[PDB]
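Okay, so here's the structure we're looking at.
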Amino acid sequence: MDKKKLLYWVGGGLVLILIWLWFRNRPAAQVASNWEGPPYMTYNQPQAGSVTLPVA
Amino acid sequence: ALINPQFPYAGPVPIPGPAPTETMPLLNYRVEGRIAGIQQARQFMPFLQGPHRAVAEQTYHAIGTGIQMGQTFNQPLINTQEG
């Protein structure tokens, strides 16, 4: 394989570390409310302009 | 001063002077002075020590209350252009 004995073994740790971080980030968001509209009285709710749609 | 010879200014007021009195004496004053009336701790004033307001600021209290209620009318559906 011709692997030096230096930086790259550090690099393998770095790669593993980076991937673990990415996965946590991806899964690390709380299953929760982040989509917003946290005003519990919002049955009407039209923030822009007139004429809107919900499916194509 | 000018002295003029031969009329010279007497060389003194001499011994012919009339001693008029022996009233020269100031009798020393001897006295005991007492200013001792009861003192009461207080004085009345209209106002002492106040730094009166020349203008006040405006001041207020606060309240809110209610609920979240609503009657709504929505825009009609429209043909979607592109995408």
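Residues are named by chain letter and number: chains run A, B, ... in the order of the structure tokens, numbers start at 1 in each chain, and ligands are numbered from 1 in the order shown.
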Report as a count of residues only the set of chain B residues whose atoms approach chain A to within 9 Å, with distances computed over only C-alpha atoms. 13
From a backbone DSSP assignment, name each residue in chain A labelled alpha helix (DSSP H), as number ranges by chain. A: 7-25
Residues of the last selection are to be written out with N, CA and C atoms, as a PDB file, in the first residue's frame.
```pdb
ATOM      1  N   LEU A   7       1.862  11.767   8.838  1.00  0.00           N
ATOM      2  CA  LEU A   7       0.652  12.554   8.806  1.00  0.00           C
ATOM      3  C   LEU A   7      -0.657  11.791   8.561  1.00  0.00           C
ATOM      4  N   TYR A   8      -0.640  10.887   7.588  1.00  0.00           N
ATOM      5  CA  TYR A   8      -1.795  10.106   7.123  1.00  0.00           C
ATOM      6  C   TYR A   8      -2.397   9.208   8.181  1.00  0.00           C
ATOM      7  N   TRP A   9      -1.677   8.560   8.951  1.00  0.00           N
ATOM      8  CA  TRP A   9      -2.373   7.922  10.095  1.00  0.00           C
ATOM      9  C   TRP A   9      -3.219   9.009  10.933  1.00  0.00           C
ATOM     10  N   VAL A  10      -2.725  10.276  11.176  1.00  0.00           N
ATOM     11  CA  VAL A  10      -3.416  11.456  11.716  1.00  0.00           C
ATOM     12  C   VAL A  10      -4.635  11.750  10.826  1.00  0.00           C
ATOM     13  N   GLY A  11      -4.391  11.579   9.536  1.00  0.00           N
ATOM     14  CA  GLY A  11      -5.397  11.838   8.499  1.00  0.00           C
ATOM     15  C   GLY A  11      -6.534  10.832   8.558  1.00  0.00           C
ATOM     16  N   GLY A  12      -6.185   9.592   8.857  1.00  0.00           N
ATOM     17  CA  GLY A  12      -7.241   8.589   8.975  1.00  0.00           C
ATOM     18  C   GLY A  12      -8.147   8.946  10.168  1.00  0.00           C
ATOM     19  N   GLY A  13      -7.536   9.373  11.280  1.00  0.00           N
ATOM     20  CA  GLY A  13      -8.335   9.762  12.455  1.00  0.00           C
ATOM     21  C   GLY A  13      -9.238  10.946  12.070  1.00  0.00           C
ATOM     22  N   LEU A  14      -8.630  11.894  11.361  1.00  0.00           N
ATOM     23  CA  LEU A  14      -9.326  13.115  10.923  1.00  0.00           C
ATOM     24  C   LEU A  14     -10.524  12.799  10.043  1.00  0.00           C
ATOM     25  N   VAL A  15     -10.345  11.858   9.142  1.00  0.00           N
ATOM     26  CA  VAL A  15     -11.407  11.398   8.242  1.00  0.00           C
ATOM     27  C   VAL A  15     -12.539  10.779   9.109  1.00  0.00           C
ATOM     28  N   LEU A  16     -12.139   9.907  10.035  1.00  0.00           N
ATOM     29  CA  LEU A  16     -13.146   9.204  10.834  1.00  0.00           C
ATOM     30  C   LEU A  16     -13.909  10.252  11.620  1.00  0.00           C
ATOM     31  N   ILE A  17     -13.136  11.171  12.199  1.00  0.00           N
ATOM     32  CA  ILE A  17     -13.695  12.219  13.051  1.00  0.00           C
ATOM     33  C   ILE A  17     -14.672  13.100  12.260  1.00  0.00           C
ATOM     34  N   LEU A  18     -14.284  13.440  11.039  1.00  0.00           N
ATOM     35  CA  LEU A  18     -15.112  14.274  10.166  1.00  0.00           C
ATOM     36  C   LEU A  18     -16.419  13.596   9.801  1.00  0.00           C
ATOM     37  N   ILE A  19     -16.328  12.296   9.504  1.00  0.00           N
ATOM     38  CA  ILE A  19     -17.511  11.526   9.131  1.00  0.00           C
ATOM     39  C   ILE A  19     -18.450  11.361  10.311  1.00  0.00           C
ATOM     40  N   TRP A  20     -17.903  11.078  11.494  1.00  0.00           N
ATOM     41  CA  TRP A  20     -18.741  10.952  12.683  1.00  0.00           C
ATOM     42  C   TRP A  20     -19.475  12.286  12.936  1.00  0.00           C
ATOM     43  N   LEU A  21     -18.746  13.378  12.791  1.00  0.00           N
ATOM     44  CA  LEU A  21     -19.351  14.709  12.994  1.00  0.00           C
ATOM     45  C   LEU A  21     -20.492  14.940  12.001  1.00  0.00           C
ATOM     46  N   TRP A  22     -20.225  14.596  10.747  1.00  0.00           N
ATOM     47  CA  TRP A  22     -21.266  14.784   9.728  1.00  0.00           C
ATOM     48  C   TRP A  22     -22.502  13.982  10.071  1.00  0.00           C
ATOM     49  N   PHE A  23     -22.337  12.691  10.411  1.00  0.00           N
ATOM     50  CA  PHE A  23     -23.485  11.875  10.754  1.00  0.00           C
ATOM     51  C   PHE A  23     -24.239  12.469  11.939  1.00  0.00           C
ATOM     52  N   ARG A  24     -23.511  12.848  12.970  1.00  0.00           N
ATOM     53  CA  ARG A  24     -24.218  13.399  14.180  1.00  0.00           C
ATOM     54  C   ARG A  24     -25.016  14.615  13.777  1.00  0.00           C
ATOM     55  N   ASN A  25     -24.382  15.491  12.967  1.00  0.00           N
ATOM     56  CA  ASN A  25     -25.008  16.759  12.514  1.00  0.00           C
ATOM     57  C   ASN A  25     -26.345  16.446  11.824  1.00  0.00           C
TER      58      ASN A  25
END
```
